[PDB]
Amino acid sequence: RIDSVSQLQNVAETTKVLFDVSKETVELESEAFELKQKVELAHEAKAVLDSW
Amino acid sequence: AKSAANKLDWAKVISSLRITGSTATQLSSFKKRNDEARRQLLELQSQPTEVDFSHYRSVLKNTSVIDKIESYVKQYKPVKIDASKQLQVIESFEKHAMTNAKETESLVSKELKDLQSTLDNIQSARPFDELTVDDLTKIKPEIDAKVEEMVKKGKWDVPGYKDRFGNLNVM
Amino acid sequence: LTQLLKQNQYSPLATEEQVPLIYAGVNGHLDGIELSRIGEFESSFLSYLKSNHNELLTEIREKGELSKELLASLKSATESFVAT
């Protein structure tokens with residue numbers, strides 16, 4: 001029973017770290033969307049200009 | 001960088017192996033990894049925001065459209081506005097998670113010391129060379145309850161007794 | 001190994017990623033991986049290397065010689081990758 005208990009003890013603290021970290025990462029991808037639109041506009045502009 | 005978050009993530013993934021509670025939790029981490037890996041290659045792919053008005057305008061000899069698209073790009077240079085939506089959901093999630101985490105932590109910490117104490121109790125107290133059934137009747141009224149229930153039932157062979165203790169007979 | 005050494009047409013692959021990919025097959029880490037998944041593994045290993053330790057990759061590229069310490073780090077990295 002002590003063996004079972006020891007696993008759970010360590011988990012309880014450390015999991016909270018991952019919990020935060022995971023959402024933090026997701027936030028970064030939101031910001032990446034703003035980038036994506038910047039990238040997009042540049043690509044489009046270069047293409048129209050290339051045709052000219 | 002992003003790799004710090006992810007180094008803790010994958011260390012935690014191979015720790016998450018050691019929790020069988022996961023179902024789609026590992027799939028959520030996998031998903032955050034996917035799009036995280038997408039944004040870094042997006043960011044590495046990135047074109048310079050505007051066309052070169054130095055080189056790439058002086059190439060064109062039809063130029064009256066390079067000023068148009070130069071100014072149009074630099075006008076609409078914000079191409080998307082910011083999103084911070086993780087400040088309402090992350091705190092809510094963090095509250096339930098924190099509560100549950102702390103509950104688990106305190107519960108198992110208590111249990112560890114309870115088991116430690118119980119382990120000590122078996123070592124430091126155990127009559128077993130002179131144990132009296134009176135002491136067991138005192139430690140559990142289950143003893144008398146079962147004896148009485150057996151007399152009431154009218155079975156004077158208690159099953160299991162001879163399956164881990166002997167018995168003898170002449171017949 | 002034979003499955004591993006295929007390369008998609010008209011795309012080259014940097015030397016700094018040749019040394020890791022080949023390392024896995026050589027050390028037999030990918031022996032366990034089934035043939036159909038070898039291809040998927042290859043691309044995954046590269047992304048995994050880029051995320052987990054692009055320090056390792058950069059060291060491999062620039063030092064250009066694999067010291068025992070670098071091979072040590074690599075063994076670990078492959079172990080981690082294969083496990084996932």
# chains A, B, ... in the order shown; residues from 1 in each chain; ligands from 1
>>> interface_residues(of="chain C", to="chain B", cutoff="10 Å", atoms="only C-alpha atoms", output="ChimeraX atom specification")
/C:47-48,50-54,80-81,83-84
>>> write_last_selection(atoms="C-alpha atoms", output="compact mmCIF listing (two decimals), in the first residue's frame")
# COMPACT_ATOMS: atom_id res chain seq x y z
CA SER C 47 10.82 17.03 -35.45
CA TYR C 48 11.52 15.44 -32.06
CA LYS C 50 14.36 19.83 -33.36
CA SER C 51 12.06 20.36 -30.40
CA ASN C 52 13.77 18.34 -27.66
CA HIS C 53 17.35 19.12 -28.39
CA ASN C 54 18.19 21.42 -31.23
CA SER C 80 13.42 9.05 -25.38
CA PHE C 81 12.21 9.29 -28.97
CA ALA C 83 9.80 5.38 -26.12
CA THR C 84 7.25 7.85 -27.49
>>> interface_residues(of="chain B", to="chain A", cutoff="6 Å", atoms="only C-alpha atoms", output="number ranges by chain")
B: 39, 46-47, 49-50, 79-80, 101, 105, 108
>>> write_last_selection(atoms="N, CA and C atoms", output="PDB file, in the first residue's frame")
ATOM      1  N   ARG B  39       4.029  26.452 -35.293  1.00  0.00           N
ATOM      2  CA  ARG B  39       4.253  27.873 -35.213  1.00  0.00           C
ATOM      3  C   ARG B  39       5.710  28.192 -35.353  1.00  0.00           C
ATOM      4  N   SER B  46       8.893  32.519 -42.426  1.00  0.00           N
ATOM      5  CA  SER B  46       8.530  33.907 -42.581  1.00  0.00           C
ATOM      6  C   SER B  46       9.281  34.649 -43.661  1.00  0.00           C
ATOM      7  N   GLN B  47       8.515  35.312 -44.552  1.00  0.00           N
ATOM      8  CA  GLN B  47       9.031  36.250 -45.509  1.00  0.00           C
ATOM      9  C   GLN B  47       9.243  37.547 -44.765  1.00  0.00           C
ATOM     10  N   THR B  49       8.366  41.313 -44.275  1.00  0.00           N
ATOM     11  CA  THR B  49       6.973  41.716 -44.280  1.00  0.00           C
ATOM     12  C   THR B  49       6.589  42.399 -45.571  1.00  0.00           C
ATOM     13  N   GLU B  50       7.477  43.283 -46.075  1.00  0.00           N
ATOM     14  CA  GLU B  50       7.214  44.107 -47.225  1.00  0.00           C
ATOM     15  C   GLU B  50       8.216  43.788 -48.284  1.00  0.00           C
ATOM     16  N   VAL B  79      -2.238  42.792 -39.635  1.00  0.00           N
ATOM     17  CA  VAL B  79      -3.014  41.985 -40.557  1.00  0.00           C
ATOM     18  C   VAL B  79      -3.965  41.169 -39.709  1.00  0.00           C
ATOM     19  N   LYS B  80      -3.683  41.095 -38.394  1.00  0.00           N
ATOM     20  CA  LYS B  80      -4.540  40.468 -37.434  1.00  0.00           C
ATOM     21  C   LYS B  80      -4.252  41.144 -36.131  1.00  0.00           C
ATOM     22  N   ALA B 101      -5.506  18.786  -7.007  1.00  0.00           N
ATOM     23  CA  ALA B 101      -4.116  18.443  -6.827  1.00  0.00           C
ATOM     24  C   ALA B 101      -3.746  18.440  -5.373  1.00  0.00           C
ATOM     25  N   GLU B 105      -2.731  15.515  -2.774  1.00  0.00           N
ATOM     26  CA  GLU B 105      -1.449  15.628  -2.125  1.00  0.00           C
ATOM     27  C   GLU B 105      -1.541  15.440  -0.642  1.00  0.00           C
ATOM     28  N   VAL B 108      -2.838  11.661   0.339  1.00  0.00           N
ATOM     29  CA  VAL B 108      -1.817  10.650   0.255  1.00  0.00           C
ATOM     30  C   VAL B 108      -0.686  10.868   1.226  1.00  0.00           C
TER      31      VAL B 108
END
>>> atom_distance(atom1="atom CA of residue B:147", atom2="atom CA of residue B:121")
27.5 Å
>>> residues_around(residues="residue C:7", least_positions_apart="3", cutoff="12 Å", atoms="only C-alpha atoms", output="PDB file with N, CA and C atoms, in the first residue's frame")
ATOM      1  N   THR C   2      16.960  -0.962 -44.649  1.00  0.00           N
ATOM      2  CA  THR C   2      16.730  -0.770 -46.058  1.00  0.00           C
ATOM      3  C   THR C   2      15.594   0.171 -46.273  1.00  0.00           C
ATOM      4  N   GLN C   3      14.525   0.024 -45.475  1.00  0.00           N
ATOM      5  CA  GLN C   3      13.385   0.891 -45.525  1.00  0.00           C
ATOM      6  C   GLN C   3      13.768   2.283 -45.116  1.00  0.00           C
ATOM      7  N   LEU C   4      14.655   2.410 -44.105  1.00  0.00           N
ATOM      8  CA  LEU C   4      15.110   3.669 -43.571  1.00  0.00           C
ATOM      9  C   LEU C   4      15.861   4.509 -44.561  1.00  0.00           C
ATOM     10  N   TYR C  10      13.615  14.587 -55.030  1.00  0.00           N
ATOM     11  CA  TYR C  10      13.761  16.004 -55.235  1.00  0.00           C
ATOM     12  C   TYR C  10      13.670  16.777 -53.955  1.00  0.00           C
ATOM     13  N   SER C  11      14.232  16.237 -52.849  1.00  0.00           N
ATOM     14  CA  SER C  11      14.397  16.982 -51.624  1.00  0.00           C
ATOM     15  C   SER C  11      15.691  16.522 -51.006  1.00  0.00           C
ATOM     16  N   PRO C  12      16.665  17.360 -50.683  1.00  0.00           N
ATOM     17  CA  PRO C  12      17.906  16.919 -50.077  1.00  0.00           C
ATOM     18  C   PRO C  12      17.703  16.948 -48.601  1.00  0.00           C
ATOM     19  N   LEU C  13      18.662  16.441 -47.802  1.00  0.00           N
ATOM     20  CA  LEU C  13      18.506  16.359 -46.374  1.00  0.00           C
ATOM     21  C   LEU C  13      19.829  16.715 -45.797  1.00  0.00           C
ATOM     22  N   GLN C  18      21.462  13.823 -41.159  1.00  0.00           N
ATOM     23  CA  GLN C  18      21.866  12.517 -41.601  1.00  0.00           C
ATOM     24  C   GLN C  18      22.477  11.761 -40.473  1.00  0.00           C
ATOM     25  N   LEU C  21      19.718  10.401 -37.956  1.00  0.00           N
ATOM     26  CA  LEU C  21      18.782   9.407 -38.431  1.00  0.00           C
ATOM     27  C   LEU C  21      19.427   8.069 -38.531  1.00  0.00           C
ATOM     28  N   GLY C  39       8.742   5.054 -41.960  1.00  0.00           N
ATOM     29  CA  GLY C  39       8.700   6.316 -42.648  1.00  0.00           C
ATOM     30  C   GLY C  39       8.216   7.396 -41.735  1.00  0.00           C
ATOM     31  N   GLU C  42      10.708   8.464 -39.195  1.00  0.00           N
ATOM     32  CA  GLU C  42      11.827   9.228 -39.681  1.00  0.00           C
ATOM     33  C   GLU C  42      11.553  10.704 -39.500  1.00  0.00           C
ATOM     34  N   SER C  43      10.364  11.155 -39.959  1.00  0.00           N
ATOM     35  CA  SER C  43       9.982  12.547 -39.936  1.00  0.00           C
ATOM     36  C   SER C  43       9.774  13.010 -38.527  1.00  0.00           C
TER      37      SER C  43
END
>>> closest_residue(among="C:17, C:79, C:62, C:69", to="residue C:29", atoms="only C-alpha atoms")
C:79
>>> atom_distance(atom1="atom CA of residue C:30", atom2="atom CA of residue C:45")
10.6 Å
>>> select_by_dssp(residues="chain C", states="helix (DSSP H, G or I)", output="MDAnalysis selection string")
chainID C and resid 15:26 29:31 35:52 54:63 68:83
